[PDB]
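Data from input_5.txt: compact mmCIF, C-alpha atoms
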# COMPACT_ATOMS: atom_id res chain seq x y z
CA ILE A 175 57.57 100.86 167.99
CA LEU A 176 58.23 97.70 165.99
CA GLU A 177 58.96 99.33 162.64
CA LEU A 178 61.83 101.41 164.00
CA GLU A 179 63.50 98.40 165.61
CA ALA A 180 63.34 96.66 162.24
CA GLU A 181 64.81 99.78 160.64
CA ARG A 182 67.72 99.50 163.07
CA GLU A 183 68.28 95.83 162.29
CA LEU A 184 67.86 96.60 158.59
CA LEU A 185 70.68 99.14 158.84
CA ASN A 186 72.45 96.57 161.03
CA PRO A 187 73.87 93.22 160.09
CA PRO A 188 71.67 91.12 162.36
CA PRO A 189 74.13 88.62 163.83
CA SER A 190 73.62 85.57 161.66
CA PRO A 191 73.45 82.06 163.14
CA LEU A 192 76.95 81.63 161.73
CA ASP A 193 78.45 84.56 163.62
CA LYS A 194 76.30 83.57 166.59
CA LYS A 195 77.83 80.12 166.16
CA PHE A 196 81.30 81.55 165.55
CA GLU A 197 81.04 84.07 168.39
CA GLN A 198 79.57 81.39 170.65
CA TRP A 199 82.08 78.82 169.39
CA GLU A 200 85.05 81.16 169.67
CA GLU A 201 83.68 82.10 173.08
CA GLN A 202 83.35 78.37 173.67
CA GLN A 203 86.92 78.17 172.40
CA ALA A 204 87.88 81.33 174.31
CA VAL A 205 86.47 80.03 177.59
CA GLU A 206 88.00 76.63 176.85
CA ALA A 207 91.27 78.13 175.62
CA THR A 208 91.42 80.44 178.63
CA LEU A 209 90.42 77.43 180.72
CA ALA A 210 92.98 75.26 178.92
CA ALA A 211 95.86 77.50 179.99
CA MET A 212 94.64 77.42 183.60
CA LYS A 213 93.99 73.67 183.70
CA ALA A 214 97.55 73.09 182.44
CA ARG A 215 99.24 75.74 184.60
CA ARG A 216 97.88 74.31 187.86
CA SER A 217 99.91 71.13 187.23
CA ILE B 175 90.51 116.92 152.75
CA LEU B 176 91.96 114.76 149.98
CA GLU B 177 91.40 117.16 147.08
CA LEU B 178 93.45 119.94 148.67
CA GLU B 179 96.40 117.64 149.33
CA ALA B 180 96.31 116.67 145.66
CA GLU B 181 96.17 120.36 144.76
CA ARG B 182 99.35 120.85 146.79
CA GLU B 183 101.12 117.96 145.08
CA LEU B 184 99.78 119.19 141.74
CA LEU B 185 101.41 122.56 142.36
CA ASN B 186 104.40 120.58 143.68
CA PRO B 187 106.79 118.37 141.83
CA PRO B 188 106.00 115.15 143.69
CA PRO B 189 109.45 113.66 144.28
CA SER B 190 109.77 111.15 141.47
CA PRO B 191 111.21 107.68 142.04
CA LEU B 192 114.31 109.01 140.27
CA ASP B 193 114.89 111.88 142.69
CA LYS B 194 113.85 109.53 145.49
CA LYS B 195 116.47 107.17 144.09
CA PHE B 196 118.96 110.00 143.56
CA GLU B 197 118.27 111.58 146.95
CA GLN B 198 118.37 108.16 148.59
CA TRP B 199 121.40 107.16 146.52
CA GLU B 200 123.25 110.42 147.12
CA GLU B 201 122.26 110.03 150.76
CA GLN B 202 123.49 106.46 150.44
CA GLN B 203 126.58 108.00 148.85
CA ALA B 204 126.58 110.84 151.39
CA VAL B 205 126.39 108.47 154.36
CA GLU B 206 128.94 106.21 152.67
CA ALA B 207 131.11 109.14 151.57
CA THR B 208 130.90 110.68 155.04
CA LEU B 209 131.52 107.19 156.39
CA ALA B 210 134.35 106.66 153.90
CA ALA B 211 136.29 109.64 155.24
CA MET B 212 135.87 108.37 158.80
CA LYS B 213 136.73 104.74 158.02
CA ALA B 214 139.95 105.94 156.36
CA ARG B 215 140.86 108.58 158.95
CA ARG B 216 140.76 106.12 161.87
CA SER B 217 143.70 104.25 160.30
CA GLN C 22 93.54 148.30 142.24
CA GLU C 23 95.34 148.28 145.57
CA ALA C 24 99.10 148.00 145.75
CA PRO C 25 99.47 144.21 146.14
CA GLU C 26 102.78 144.69 147.97
CA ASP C 27 101.13 146.11 151.10
CA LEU C 28 98.90 143.04 151.40
CA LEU C 29 101.99 140.85 151.77
CA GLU C 30 102.59 142.07 155.32
CA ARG C 31 98.91 141.73 156.23
CA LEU C 32 98.79 138.22 154.78
CA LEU C 33 101.64 136.95 156.96
CA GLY C 34 100.26 138.93 159.90
CA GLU C 35 97.11 136.83 159.70
CA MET C 36 99.20 133.80 158.69
CA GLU C 37 100.65 133.29 162.17
CA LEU C 38 97.11 133.15 163.55
CA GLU C 39 96.47 129.97 161.58
CA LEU C 40 99.83 128.39 162.41
CA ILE C 41 99.41 128.96 166.15
CA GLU C 42 95.82 127.74 165.89
CA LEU C 43 97.23 124.68 164.14
CA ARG C 44 99.73 124.12 166.93
CA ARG C 45 96.87 124.10 169.44
CA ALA C 46 94.86 121.63 167.39
CA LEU C 47 97.53 118.94 167.06
CA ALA C 48 97.90 118.60 170.83
CA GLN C 49 94.21 117.83 171.30
CA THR C 50 94.72 115.01 168.80
CA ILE C 51 97.41 113.25 170.81
CA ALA C 52 95.49 114.08 173.98
CA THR C 53 92.76 111.63 173.01
CA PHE C 54 95.03 109.26 171.09
CA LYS C 55 96.98 108.57 174.26
CA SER C 56 93.84 108.88 176.38
CA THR C 57 92.40 105.71 174.85
CA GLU C 58 95.65 103.92 175.67
CA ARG C 59 95.13 104.67 179.36
CA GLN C 60 91.47 103.75 178.99
CA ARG C 61 92.55 100.54 177.28
CA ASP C 62 95.04 99.98 180.09
CA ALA C 63 92.28 100.31 182.67
CA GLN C 64 90.01 97.96 180.73
CA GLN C 65 92.66 95.26 180.36
CA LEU C 66 93.61 95.85 183.99
CA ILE C 67 89.98 95.18 184.89
CA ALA C 68 90.16 92.08 182.72
CA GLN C 69 93.33 91.19 184.62
CA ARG C 70 91.35 91.63 187.84
CA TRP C 71 88.61 89.45 186.38
CA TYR C 72 91.34 87.13 185.12
CA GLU C 73 92.90 87.21 188.58
CA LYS C 74 89.54 86.55 190.23
CA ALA C 75 89.15 83.60 187.87
CA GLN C 76 92.53 82.42 189.13
CA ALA C 77 91.18 82.76 192.66
CA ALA C 78 87.95 81.10 191.51
CA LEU C 79 89.94 78.14 190.19
CA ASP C 80 91.66 77.83 193.56
CA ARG C 81 89.82 75.61 196.06
CA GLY C 82 87.95 73.92 193.21
CA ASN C 83 85.41 76.69 192.54
CA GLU C 84 85.91 76.55 188.79
CA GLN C 85 82.27 77.57 188.31
CA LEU C 86 83.00 81.23 189.07
CA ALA C 87 86.14 81.17 186.92
CA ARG C 88 83.93 80.33 183.95
CA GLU C 89 81.84 83.41 184.70
CA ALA C 90 84.94 85.43 185.54
CA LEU C 91 86.76 84.26 182.42
CA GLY C 92 83.50 84.46 180.49
CA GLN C 93 83.04 87.95 181.89
CA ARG C 94 86.58 88.82 180.80
CA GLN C 95 85.73 87.83 177.23
CA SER C 96 83.50 90.91 177.01
CA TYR C 97 86.46 93.12 177.87
CA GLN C 98 88.83 90.95 175.83
CA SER C 99 86.84 91.80 172.71
CA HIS C 100 86.61 95.40 173.88
CA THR C 101 90.34 95.29 174.62
CA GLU C 102 91.13 93.69 171.26
CA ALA C 103 88.93 96.25 169.51
CA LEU C 104 90.59 99.26 171.13
CA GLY C 105 94.13 97.88 170.93
CA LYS C 106 93.95 97.69 167.14
CA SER C 107 92.41 101.17 166.98
CA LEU C 108 95.37 102.51 168.95
CA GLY C 109 97.83 100.77 166.63
CA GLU C 110 96.32 102.22 163.46
CA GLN C 111 95.85 105.67 165.00
CA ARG C 112 99.64 105.75 165.38
CA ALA C 113 100.02 106.31 161.65
CA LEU C 114 97.20 108.86 161.86
CA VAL C 115 99.35 111.05 164.10
CA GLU C 116 102.49 110.24 162.09
CA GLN C 117 101.28 111.83 158.85
CA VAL C 118 100.13 115.03 160.55
CA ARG C 119 103.49 115.14 162.31
CA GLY C 120 105.05 114.62 158.89
CA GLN C 121 102.61 117.23 157.59
CA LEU C 122 103.59 119.85 160.16
CA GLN C 123 107.35 119.28 160.32
CA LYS C 124 107.79 120.36 156.70
CA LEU C 125 105.38 123.22 157.39
CA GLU C 126 107.59 125.43 159.55
CA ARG C 127 110.79 125.09 157.51
CA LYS C 128 109.04 126.66 154.52
CA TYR C 129 107.47 129.64 156.28
CA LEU C 130 110.72 130.81 157.86
CA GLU C 131 112.46 130.80 154.49
CA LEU C 132 109.35 132.28 152.88
CA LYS C 133 109.44 135.06 155.45
CA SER C 134 113.23 135.20 155.03
CA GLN C 135 113.16 136.36 151.40
CA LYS C 136 110.13 138.58 152.01
CA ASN C 137 112.24 141.46 153.26
CA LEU C 138 115.03 141.18 150.68
CA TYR C 139 112.87 142.15 147.71
CA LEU C 140 110.98 144.84 149.61
CA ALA C 141 114.32 146.64 149.81
CA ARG C 142 114.87 146.09 146.09
CA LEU C 143 111.46 147.62 145.39
CA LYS C 144 112.08 150.49 147.78
CA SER C 145 115.48 150.82 146.13
CA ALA C 146 113.82 151.42 142.77
CA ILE C 147 111.11 153.81 143.97
CA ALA C 148 113.99 156.09 144.92
CA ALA C 149 115.77 155.61 141.60
CA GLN C 150 112.69 156.62 139.63
CA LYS C 151 112.00 159.64 141.82
CA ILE C 152 115.56 160.98 141.82
CA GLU C 153 115.58 160.52 138.06
CA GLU C 154 112.02 161.85 137.81
CA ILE C 155 113.04 164.97 139.72
CA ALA C 156 116.28 164.94 137.72
CA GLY C 157 113.97 165.36 134.74
CA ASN C 158 113.07 168.77 136.12
CA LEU C 159 116.80 169.38 136.66
CA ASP C 160 117.90 168.15 133.23
CA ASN C 161 120.61 168.89 130.67
CA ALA C 162 118.22 171.15 128.67
CA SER C 163 116.93 168.22 126.59
CA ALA C 164 113.40 168.96 127.84
CA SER C 165 113.93 172.46 129.30
CA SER C 166 111.12 171.69 131.74
CA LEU C 167 112.13 173.93 134.66
CA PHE C 168 115.58 175.53 134.54
CA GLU C 169 115.84 176.50 130.87
CA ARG C 170 112.38 178.08 130.88
CA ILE C 171 113.83 180.39 133.54
CA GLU C 172 116.82 181.12 131.31
CA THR C 173 114.32 182.34 128.72
CA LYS C 174 112.95 184.97 131.10
CA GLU D 126 75.99 103.60 175.98
CA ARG D 127 78.92 101.57 174.65
CA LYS D 128 78.24 102.89 171.15
CA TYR D 129 77.90 106.58 172.00
CA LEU D 130 81.19 106.77 173.88
CA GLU D 131 83.06 105.26 170.94
CA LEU D 132 80.98 107.37 168.54
CA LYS D 133 82.00 110.45 170.51
CA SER D 134 85.52 109.02 170.75
CA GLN D 135 86.25 109.17 167.02
CA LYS D 136 84.37 112.46 166.63
CA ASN D 137 87.36 114.53 167.67
CA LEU D 138 90.00 112.58 165.73
CA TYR D 139 88.70 113.53 162.29
CA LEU D 140 87.93 117.12 163.27
CA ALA D 141 91.68 117.49 163.72
CA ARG D 142 92.28 115.88 160.33
CA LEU D 143 89.87 118.36 158.75
CA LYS D 144 91.42 121.27 160.62
CA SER D 145 94.78 119.86 159.57
CA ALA D 146 93.81 120.19 155.92
CA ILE D 147 92.24 123.66 156.13
CA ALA D 148 95.70 124.82 157.13
CA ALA D 149 97.41 122.88 154.33
CA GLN D 150 95.21 124.48 151.68
CA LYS D 151 95.64 127.97 153.10
CA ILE D 152 99.42 127.80 153.48
CA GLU D 153 99.57 126.45 149.94
CA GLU D 154 96.92 128.94 148.80
CA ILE D 155 98.96 131.80 150.23
CA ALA D 156 102.07 130.04 148.89
CA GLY D 157 100.39 130.55 145.52
CA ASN D 158 100.87 134.28 146.04
CA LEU D 159 104.46 133.53 147.11
CA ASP D 160 105.24 131.17 144.23
CA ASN D 161 108.22 130.15 142.10
CA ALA D 162 107.17 132.58 139.31
CA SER D 163 104.97 129.95 137.64
CA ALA D 164 101.96 132.27 138.07
CA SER D 165 103.76 135.54 138.90
CA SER D 166 100.69 136.54 140.90
CA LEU D 167 102.27 138.87 143.47
CA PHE D 168 106.07 138.95 143.66
CA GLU D 169 107.03 138.80 139.99
CA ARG D 170 104.55 141.53 139.07
CA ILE D 171 106.58 143.69 141.45
CA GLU D 172 109.79 142.64 139.69
CA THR D 173 108.25 144.04 136.51
CA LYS D 174 107.88 147.50 138.06
CA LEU E 28 88.86 141.95 123.94
CA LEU E 29 92.17 140.07 124.08
CA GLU E 30 92.77 141.15 127.68
CA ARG E 31 89.18 140.38 128.68
CA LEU E 32 89.36 136.96 127.03
CA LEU E 33 92.41 135.88 129.04
CA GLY E 34 90.95 137.54 132.13
CA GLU E 35 88.02 135.14 131.91
CA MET E 36 90.36 132.40 130.66
CA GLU E 37 91.99 131.85 134.05
CA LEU E 38 88.54 131.27 135.54
CA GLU E 39 88.14 128.16 133.40
CA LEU E 40 91.67 126.89 134.04
CA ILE E 41 91.35 127.20 137.81
CA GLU E 42 87.89 125.64 137.59
CA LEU E 43 89.53 122.84 135.62
CA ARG E 44 92.18 122.39 138.30
CA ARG E 45 89.44 121.94 140.89
CA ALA E 46 87.61 119.38 138.77
CA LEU E 47 90.52 117.01 138.20
CA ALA E 48 91.07 116.51 141.92
CA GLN E 49 87.49 115.33 142.46
CA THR E 50 88.19 112.72 139.79
CA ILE E 51 91.12 111.15 141.61
CA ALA E 52 89.25 111.60 144.88
CA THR E 53 86.75 108.93 143.85
CA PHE E 54 89.17 106.92 141.72
CA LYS E 55 91.30 106.26 144.79
CA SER E 56 88.22 106.12 147.03
CA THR E 57 87.06 102.91 145.36
CA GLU E 58 90.50 101.43 145.96
CA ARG E 59 90.05 101.91 149.70
CA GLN E 60 86.48 100.64 149.40
CA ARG E 61 87.82 97.66 147.47
CA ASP E 62 90.46 97.20 150.16
CA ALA E 63 87.78 97.11 152.85
CA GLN E 64 85.69 94.64 150.84
CA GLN E 65 88.58 92.26 150.23
CA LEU E 66 89.60 92.74 153.86
CA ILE E 67 86.09 91.66 154.83
CA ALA E 68 86.51 88.71 152.48
CA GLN E 69 89.82 88.05 154.23
CA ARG E 70 87.93 88.11 157.52
CA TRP E 71 85.37 85.73 156.03
CA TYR E 72 88.28 83.79 154.55
CA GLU E 73 89.94 83.83 157.96
CA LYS E 74 86.73 82.74 159.67
CA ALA E 75 86.55 79.90 157.16
CA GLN E 76 90.09 79.01 158.23
CA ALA E 77 88.83 79.02 161.82
CA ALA E 78 85.75 77.10 160.67
CA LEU E 79 87.98 74.43 159.12
CA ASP E 80 89.84 74.12 162.41
CA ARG E 81 88.34 71.58 164.84
CA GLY E 82 86.54 69.87 161.95
CA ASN E 83 83.71 72.39 161.53
CA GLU E 84 84.08 72.51 157.76
CA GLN E 85 80.35 73.18 157.46
CA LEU E 86 80.73 76.85 158.40
CA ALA E 87 83.78 77.23 156.16
CA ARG E 88 81.55 76.33 153.21
CA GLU E 89 79.19 79.13 154.21
CA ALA E 90 82.10 81.41 155.07
CA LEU E 91 83.91 80.61 151.83
CA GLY E 92 80.58 80.57 150.01
CA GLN E 93 79.82 83.92 151.64
CA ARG E 94 83.21 85.21 150.49
CA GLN E 95 82.33 84.33 146.89
CA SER E 96 79.79 87.17 146.92
CA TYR E 97 82.55 89.63 147.82
CA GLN E 98 85.04 87.84 145.58
CA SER E 99 82.86 88.64 142.58
CA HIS E 100 82.31 92.13 143.97
CA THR E 101 86.06 92.37 144.58
CA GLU E 102 86.88 91.04 141.11
CA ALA E 103 84.37 93.45 139.58
CA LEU E 104 85.78 96.52 141.32
CA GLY E 105 89.42 95.53 140.93
CA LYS E 106 89.13 95.54 137.14
CA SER E 107 87.24 98.84 137.23
CA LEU E 108 90.12 100.37 139.19
CA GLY E 109 92.65 99.02 136.70
CA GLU E 110 90.88 100.48 133.67
CA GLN E 111 90.12 103.77 135.42
CA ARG E 112 93.90 104.23 135.68
CA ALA E 113 94.08 105.03 131.98
CA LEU E 114 91.03 107.26 132.42
CA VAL E 115 93.03 109.53 134.72
CA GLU E 116 96.16 109.16 132.57
CA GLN E 117 94.67 110.79 129.47
CA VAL E 118 93.26 113.75 131.39
CA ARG E 119 96.66 114.11 133.05
CA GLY E 120 98.14 113.95 129.56
CA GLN E 121 95.40 116.36 128.49
CA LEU E 122 96.20 118.92 131.18
CA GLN E 123 100.00 118.74 131.18
CA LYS E 124 100.19 120.05 127.62
CA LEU E 125 97.53 122.61 128.55

Structure rendered as structure tokens:
Amino acid sequence: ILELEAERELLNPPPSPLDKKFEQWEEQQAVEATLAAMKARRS
Amino acid sequence: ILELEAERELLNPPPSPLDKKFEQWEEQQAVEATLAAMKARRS
Amino acid sequence: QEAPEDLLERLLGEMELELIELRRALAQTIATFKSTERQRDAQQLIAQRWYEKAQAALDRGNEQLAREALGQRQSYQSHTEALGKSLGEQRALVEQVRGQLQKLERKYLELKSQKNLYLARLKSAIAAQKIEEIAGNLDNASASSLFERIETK
Amino acid sequence: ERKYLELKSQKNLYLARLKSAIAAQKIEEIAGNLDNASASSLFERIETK
Amino acid sequence: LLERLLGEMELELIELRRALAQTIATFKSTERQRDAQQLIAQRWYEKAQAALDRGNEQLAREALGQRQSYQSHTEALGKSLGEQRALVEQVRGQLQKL
């Protein structure tokens, strides 16, 4: 079972900590940015 | 797919920038010349 | 070898089969191309619903759900952003084939147009040879093939 | 599932592109028989007769 | 033999015509492949731009540093495309007189 999963990730770009950081950060920016529009609109 | 398109253009004269220029220019002259008759007729 | 002229009619006879088959194919292309647009529209509409629910979540101070709702929308946002760009680029995909086909028909009609003209010219000549070929039998005595041989008898 | 649907999604798009080309070659291939006398494959040979 | 020789001659010429297309098929194929690579570098370059924003220059170093791998790969392929242009020119010059 384990070898084939590794084969998949080998043929995959395993999301690096950078893209995990970027995707999390941009999500953290996306949630904040989406939040930022709402927090400003309500006033 | 790509080879056969090239075969067509090989057996074709691919419109050169000159004929593109001429056809565009004569069109630019045709539109202007057709326009020129109208712009003069209206007065 | 076979008379290549006869094949000409057969070739165009089978030609229309391809052209009509082509015409069928192109529609299926735009069928899906526009289908994704509707599918995109539903997805973004769902995101709007999630976005709207986040707006409702924000109301009354329940911002906690809005984070999930907005956070949930991010999944479809990326899916929406992914598909939206695919739709934009697929536009040129259908443009070239449209540009491919539009020139297609104008040629065949003119190609078929001159087909018949030269068939007449050929059939014009096959008569000229035969009337002259038979006129060889009915000649001015240069060959004496048929008539003059009788005059001998 | 999210992959297969998109995988199946683009499956049909390029089939059309392929079937688009198979027509382009054939119309041009037959247009070779009906040419501008560069090859004289079919029509010009008749003009000889 | 003269008639036979030209009869088999057209076989080579048409076989030639097929061959030349496969040449430009790849020649232009690398250009698209180059375009994707540089586009990826642009994405990495763009992500570095995003990394720079908000003061997270640390990722930009990796992102820009990551782009250097494709930059060299991009620079390598770009020059190959440029020189391959003359490769297809001579054969085109070869065939046109043919």

Exercise for the section: Please check which residues have atoms at most 12 Å from (89.5, 97.9, 184.6) in the file's coordinates, counting only C-alpha atoms, and write them as a list in words. Expected result: residues 59, 60, 61, 62, 63, 64, 65, 66, 67, 68, 69, 70, 71, 72, 73, 94, 96, 97, 98, 100 and 101 of chain C

Exercise for the section: Dig up all the protein and nucleic acid residues within 10 Å of (85.6, 85.3, 153.2) in the file frame, using all atoms listed in the file, and format them as a ChimeraX atom specification. Expected result: /E:64-76,87-98

Per residue of chain E within 9 Å of chain B, record the nearest atom pair and its distance in Å to one decimal, counting only C-alpha atoms, with rows in chain order and ascending residue number, as CSV.
residue,atom,partner,partner_atom,distance
E:44,CA,B:181,CA,7.9
E:45,CA,B:181,CA,7.9
E:47,CA,B:177,CA,8.9
E:48,CA,B:177,CA,5.2
E:49,CA,B:177,CA,6.3
E:51,CA,B:177,CA,8.1
E:52,CA,B:177,CA,6.4

Store the residues picked out above, limited to C-alpha atoms, as a PDB file, in the coordinates of the input.
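Writing the result to result.pdb gives the following:
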ATOM      1  CA  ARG E  44      92.180 122.390 138.300  1.00  0.00           C
ATOM      2  CA  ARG E  45      89.440 121.940 140.890  1.00  0.00           C
ATOM      3  CA  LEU E  47      90.520 117.010 138.200  1.00  0.00           C
ATOM      4  CA  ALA E  48      91.070 116.510 141.920  1.00  0.00           C
ATOM      5  CA  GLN E  49      87.490 115.330 142.460  1.00  0.00           C
ATOM      6  CA  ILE E  51      91.120 111.150 141.610  1.00  0.00           C
ATOM      7  CA  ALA E  52      89.250 111.600 144.880  1.00  0.00           C
TER       8      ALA E  52
END

Practice task
Considering only C-alpha atoms, state which residue in the set C:113, C:121, C:93, C:47 is at the smallest distance from residue 150 in chain D.
Solution key: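 Smallest distance to residue 150 in chain D is found for C:121.
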
Practice task
Up to 7 Å from chain D, what residues of chain C turn up? Count all atoms listed in the file and give them as a list in words.
Solution key: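 Taking all atoms listed in the file into account, residues 25, 39, 46, 47 and 50 of chain C sit within 7 Å of chain D.
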
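Interatomic distance, CA of residue 131 in chain C to CA of residue 193 in chain B: 22.4 Å.
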
Practice task
With a cut-off of 12 Å and counting all atoms listed in the file, select all residues of chain A in contact with chain C and give the selection as a list in words.
Solution key: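 The selection requested is residues 197, 198, 200, 201, 202, 203, 204, 205, 206, 207, 208, 209, 210, 211, 212, 213, 214, 215 and 216 of chain A.
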
Problem - Interatomic distance (Å, one decimal) between CA of residue 42 in chain E and CA of residue 118 in chain C - result: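 These atoms are spaced 28.1 Å apart.
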
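For the pair CA of residue 158 in chain C and CA of residue 26 in chain C, the interatomic distance is 28.7 Å.
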
Handout entry: Of the listed residues E:55, E:81, E:61, E:100, that which approaches residue 112 in chain E most closely, counting all atoms listed in the file
Key =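 Among E:55, E:81, E:61, E:100, it is E:55 that comes nearest to residue 112 in chain E.
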
Exercise for the section: Compare D:130, D:157, D:173, D:165 by their minimum atom-to-atom distance to chain B, counting all atoms listed in the file, and give me the closest one. Expected result: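 Among the listed residues, the smallest separation from chain B belongs to D:157.
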
Exercise for the section: For residue 58 in chain E, list every protein, DNA or RNA residue within 10 Å, evaluated using all atoms listed in the file, and leave out those in the same chain fewer than 2 positions away; present the list as a ChimeraX atom specification. Expected result: /E:53-56,60-64,104-105,107-109

Let me see the file: selected residues, C-alpha atoms, as a CSV table (one decimal), keeping the file's coordinate frame.
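As written to disk, part.csv reads:
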chain,number,residue,atom,x,y,z
E,53,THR,CA,86.8,108.9,143.8
E,54,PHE,CA,89.2,106.9,141.7
E,55,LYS,CA,91.3,106.3,144.8
E,56,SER,CA,88.2,106.1,147.0
E,60,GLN,CA,86.5,100.6,149.4
E,61,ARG,CA,87.8,97.7,147.5
E,62,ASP,CA,90.5,97.2,150.2
E,63,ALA,CA,87.8,97.1,152.8
E,64,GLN,CA,85.7,94.6,150.8
E,104,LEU,CA,85.8,96.5,141.3
E,105,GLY,CA,89.4,95.5,140.9
E,107,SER,CA,87.2,98.8,137.2
E,108,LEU,CA,90.1,100.4,139.2
E,109,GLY,CA,92.6,99.0,136.7

As a compact mmCIF listing (two decimals), keeping the file's coordinate frame, the rebuilt range 132-147 of chain D with N, CA, C and O atoms:
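Generated output (rebuild16.txt):
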# COMPACT_ATOMS: atom_id res chain seq x y z
N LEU D 132 81.40 106.41 169.56
CA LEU D 132 80.98 107.37 168.54
C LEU D 132 81.54 108.75 168.85
O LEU D 132 82.10 109.42 167.97
N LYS D 133 81.40 109.19 170.10
CA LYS D 133 82.00 110.45 170.51
C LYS D 133 83.52 110.37 170.51
O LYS D 133 84.19 111.39 170.32
N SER D 134 84.07 109.17 170.71
CA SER D 134 85.52 109.02 170.75
C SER D 134 86.16 109.43 169.43
O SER D 134 87.11 110.23 169.41
N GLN D 135 85.66 108.90 168.32
CA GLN D 135 86.25 109.17 167.02
C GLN D 135 85.79 110.51 166.45
O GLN D 135 86.32 110.94 165.42
N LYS D 136 84.84 111.16 167.11
CA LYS D 136 84.37 112.46 166.63
C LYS D 136 85.52 113.45 166.54
O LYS D 136 85.66 114.17 165.54
N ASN D 137 86.35 113.50 167.57
CA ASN D 137 87.36 114.53 167.67
C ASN D 137 88.55 114.23 166.75
O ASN D 137 89.20 115.16 166.25
N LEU D 138 88.83 112.95 166.52
CA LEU D 138 90.00 112.58 165.73
C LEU D 138 89.94 113.19 164.34
O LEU D 138 90.93 113.75 163.86
N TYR D 139 88.79 113.08 163.68
CA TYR D 139 88.70 113.53 162.29
C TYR D 139 88.49 115.03 162.19
O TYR D 139 88.81 115.63 161.16
N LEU D 140 87.97 115.66 163.25
CA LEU D 140 87.93 117.12 163.27
C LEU D 140 89.34 117.68 163.15
O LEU D 140 89.56 118.65 162.42
N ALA D 141 90.29 117.08 163.85
CA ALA D 141 91.68 117.49 163.72
C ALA D 141 92.17 117.29 162.29
O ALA D 141 92.85 118.16 161.73
N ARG D 142 91.84 116.15 161.69
CA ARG D 142 92.28 115.88 160.33
C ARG D 142 91.72 116.92 159.37
O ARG D 142 92.43 117.41 158.48
N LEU D 143 90.45 117.28 159.55
CA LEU D 143 89.87 118.36 158.75
C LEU D 143 90.60 119.66 159.01
O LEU D 143 91.04 120.35 158.08
N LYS D 144 90.75 120.02 160.28
CA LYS D 144 91.42 121.27 160.62
C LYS D 144 92.89 121.21 160.24
O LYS D 144 93.55 122.25 160.08
N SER D 145 93.44 120.00 160.11
CA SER D 145 94.78 119.86 159.57
C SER D 145 94.83 120.27 158.11
O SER D 145 95.79 120.91 157.67
N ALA D 146 93.80 119.91 157.35
CA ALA D 146 93.81 120.19 155.92
C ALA D 146 93.52 121.66 155.64
O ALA D 146 94.14 122.27 154.75
N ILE D 147 92.59 122.26 156.38
CA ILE D 147 92.24 123.66 156.13
C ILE D 147 93.47 124.54 156.25
O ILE D 147 93.56 125.60 155.63
